[PDB]
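From first to last, the protein sequence lines are chains C, B and A. So that you can map any letter, position 6 of the first sequence is 8 in the entry's author numbering, and since no number is skipped, the others follow by simple counting. So that you can map any letter, position 6 of the second sequence is 8 in the entry's author numbering, and since no number is skipped, the others follow by simple counting. So that you can map any letter, position 82 of the third sequence is 153 in the entry's author numbering, and since no number is skipped, the others follow by simple counting. Quick reminder that beta carbons are idealized off the backbone N, C-alpha and C, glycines included.
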Amino acid sequence: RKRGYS
Amino acid sequence: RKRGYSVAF
Amino acid sequence: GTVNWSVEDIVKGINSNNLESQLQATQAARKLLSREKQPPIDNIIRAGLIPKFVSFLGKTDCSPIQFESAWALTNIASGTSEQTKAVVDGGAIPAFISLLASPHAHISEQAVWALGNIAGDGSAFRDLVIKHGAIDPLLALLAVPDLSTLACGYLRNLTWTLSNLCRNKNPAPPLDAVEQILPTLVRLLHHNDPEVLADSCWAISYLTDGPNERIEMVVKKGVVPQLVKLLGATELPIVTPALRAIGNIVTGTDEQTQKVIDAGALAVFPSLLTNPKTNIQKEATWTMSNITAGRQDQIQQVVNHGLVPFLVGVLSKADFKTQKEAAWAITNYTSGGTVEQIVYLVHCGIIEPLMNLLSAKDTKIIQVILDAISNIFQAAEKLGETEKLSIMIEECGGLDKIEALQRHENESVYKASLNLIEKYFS
């Protein structure tokens, strides 16, 4: 998984 | 007769 | 001030020979890359800003530009594989590893987040992050007497990044990297935060998805009782990876499967096999199928826990994917079970739902059911009760289904169905 910050 | 996740689905 | 800047203005600020102008422009890029709808990641990449942001990661003298450039790059790395590659190609991996030792907790966390996105892209970037030596400084951030002293979000991000280092196959993570991470993972699995517990379970599900040697590394750390405890959790984001991990462990040896039974996992299956989430019912039935593929004493534990009526249940009514796994659970049970155990299965009413599924337009489920019928008849042959079974299949309309399968397109189905008619229905 990858996750964006905000 | 065991099946791994990829073998089952 | 730094809200809604054009890429051109950001480039002008970053290309100035003024650290404060560069900082204001980097914050402007971070805010652009943080917007909910369509952040201009490709426009920022095309403007050649990634090498500038990576050099700003090394500016120890200006901690705000370190944070702004780390956040901007984290947002780029969170995108497509090509976008993550641009971050890696800019030399961001050693620069982010150097920031893990930062005295500023918000910068160290941003570096943890960025490395999780890079490692999560796949096997090659995961292994590259490991080769650049990320594991030791990541583990050092968790080397505290009590995990409860750490900030919630900070611990959640560290757990998530460690789970991405455990993720992906072809190849699976390096053996020594897995051995190094596992003691911290066991500790995170006993933490009380549901998000930490969910991601620790996901990390364990990835590590157990492989050969028996991989499962052994995990099972030897004594985590199976803690996984069974989490299998009983009320939170669906915890139960889902806990069940996946347990399901993966029971694909292993009879001895590894026994550790799951000994920890009391079968007592959770009446609720898992009736769970309102179809994916939980499906993976619980798959788990059951691998346990019925075990020793006769393990098939006996399924019986003693009253789980055969629950298998009759899922075979009778469930989503088709769960019913296919239930068909597999029955065929595995009938292949390895004793005559008494197979007799018990028929008495629980397995025949009628097993026959009703012969109408399904899936060649694989038909093959599996036809095999189970043959095995049940083989048990009836030892008791001389083949006639009682033949009448039972006739009464629920099973005979009409097997007779129709004699003209089926598949070779194995055609052969097995003709065999059963000639041996028991003539």
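Where residue 500 of chain A meets chain C, residues with beta-carbon distance less than 7 Å: Outside the modelled stretch of chain A, which goes from 72 to 497, sits residue 500 of chain A, for which no answer is possible.
Do you know how far the Cα of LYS123 of chain A is from the Cα of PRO265 of chain A? As the crow flies, the alpha-carbon of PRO265 of chain A is around 38 Å from that of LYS123 of chain A.
So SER87 of chain A is in the alpha helix (DSSP H); what residue range does that whole segment cover? Segment: none, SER87 of chain A is in no alpha helix (DSSP H) and carries neither H nor E.
Leaving aside the five residues before and after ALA99 of chain A along the sequence, list all residues of the same chain whose C-beta is less than 6 Å from its C-beta, in chain order. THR73, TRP76, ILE81
Sequence ranges, alpha helix (DSSP H) only - wholly within the segment 193 to 217 of chain A, length at least 4: 194 to 202, 206 to 211
Given 8 Å as the limit, is there contact between the segment 369 to 382 of chain A and the segment 396 to 416 of chain A, that is, 3 or more CB pairs closer than that? Segments in contact, yes.
When A:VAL200, A:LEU386, A:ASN361, A:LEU301 are compared against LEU171 of chain A, the one with the closest alpha-carbon: Looking at A:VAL200, A:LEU386, A:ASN361, A:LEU301, the one whose alpha-carbon comes closest to that of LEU171 of chain A is A:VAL200.
Other residues of its chain near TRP231 of chain A: CB distance less than 6 Å, five sequence neighbours each side excluded: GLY187, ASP270
Beta-carbon proximity of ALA243 of chain A to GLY281 of chain A, cut-off 8 Å: yes
How about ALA450 of chain A: is its C-beta nearer than 8 Å to some C-beta of chain B? no
Quick one: which residues of the segment 140 to 166 of chain A get their C-beta closer than 8 Å to a C-beta of chain C? List them in chain order. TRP142, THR145, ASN146, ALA148, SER149, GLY150, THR155
Could you give the DSSP three-state label for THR145 of chain A: helix, strand or coil? helix
Compare the C-alpha of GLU284 of chain A against each of A:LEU259, A:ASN228, A:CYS272, A:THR324 and name the closest. A:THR324
Looking at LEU260 of chain A and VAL294 of chain A, is the spacing between their C-beta atoms short of 8 Å? yes
Nearest to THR356 of chain A by CA position, among A:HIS203, A:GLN367, A:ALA398, A:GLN371, is which residue? The candidate whose alpha carbon is nearest that of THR356 of chain A is A:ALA398.
Looking at the unbroken alpha helix (DSSP H) that takes in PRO174 of chain A, where does it start and where does it end? From DSSP, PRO174 of chain A is part of no alpha helix (DSSP H); its letter is neither H nor E.
Which residue spans inside the segment 311 to 350 of chain A form an unbroken alpha helix (DSSP H) run of at least 4? 325 to 333, 340 to 343
Report the start-end ranges of each alpha helix (DSSP H) in the segment 227 to 289 of chain A that is 4 residues or longer and not cut off at the edges. 246 to 259, 265 to 278
Limits of the alpha helix (DSSP H) - the one that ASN403 of chain A falls within: From DSSP, the alpha helix (DSSP H) with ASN403 of chain A extends over 391 to 407.
Considering only the alpha carbon of each residue, which of A:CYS419, A:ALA157, A:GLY469, A:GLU452 lies closest to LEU120 of chain A? A:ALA157
Do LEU337 of chain A and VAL289 of chain A have their C-beta atoms within less than 8 Å of each other? In this structure, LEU337 of chain A keeps its C-beta atom at 8 Å or more from the C-beta atom of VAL289 of chain A.
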